[PDB]
């Protein structure tokens, strides 16, 4: 361990990468449309994770064959989620051009660990 840190707030220095931007989600919109604005800005970065996930999967098993199964088989296998999650995730998949099975896997990663 280390001696308890002193005088680190407000955040500055090498342990403060930067501030977090604010976004507004309007629940009055239908679930399919709530995340449209935010996902437009962040679709590229989320694809970086997917590509990075494919490369590591490639070692144990070819990534293509795995993702065909995830994208094609997982949505029907898990069934529908309660609202607004099914439509909220369906909307995120359409806007980001990321398959629904990968959007789902992202949103249930805790259960997957």
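Positions refer to the first chain, counted from 1.
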Going by the entry, of stretches 43-51 and 62-70 the one with greater average Cα B-factor is 62-70
Higher of the two mean Cα B-factors (101-109, 10-18; per PDB record) comes from 10-18
Residue 30: CA temperature factor from the record, placed by chain third, in the highest
Assert third(CA B-factor, residue 86) within chain per record equals lowest
Chain thirds by Cα B factor, record data; residue 78 belongs to the lowest
